[PDB]
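Trainee: Before I ask anything, let me first share the structure, which is written out below as structure tokens.
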Amino acid sequence: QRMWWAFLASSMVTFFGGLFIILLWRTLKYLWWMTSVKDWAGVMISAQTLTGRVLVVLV
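Taking the authors' numbering, I'd label the letters of the sequence shown as residues 19 to 50, 93 to 119.
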């Protein structure tokens, strides 16, 4: 009658299975405007950027 196992297992699988699929993707790669948005997301968050400063203060 207790649902705690679902709440725990949700985080447990969200960590473990995602790490496992990342490792599996790396193994498949070994066996075998994205840059623009990546740099944009990296330039919002910074120690020098005011937007990153207010973002970390807010979080």
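Where a beta carbon is used, it is the ideal one built from N, C-alpha and C, also for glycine.
1. Could you tell me the alpha carbon to alpha carbon distance between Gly35 and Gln19, rounded to whole angstroms?
2. Got a sec? Which residues, its chain only, sit under 6 Å from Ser106 by beta carbon, not counting five neighbours each side?
3. What residue range does the alpha helix (DSSP H) around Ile105 cover?
4. On the three-state DSSP scale, how would you describe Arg113?
Mentor: Well, looking at it:
1. Between the C-alpha atoms of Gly35 and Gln19 there is a straight-line separation of about 27 Å.
2. Here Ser106 has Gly112 as same chain residues with Cβ atoms under 6 Å from its own Cβ, once five neighbours each way along the sequence are excluded.
3. Where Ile105 is concerned, there is no enclosing alpha helix (DSSP H), given that its DSSP letter is neither H nor E.
4. Correct three-state label for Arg113: helix.
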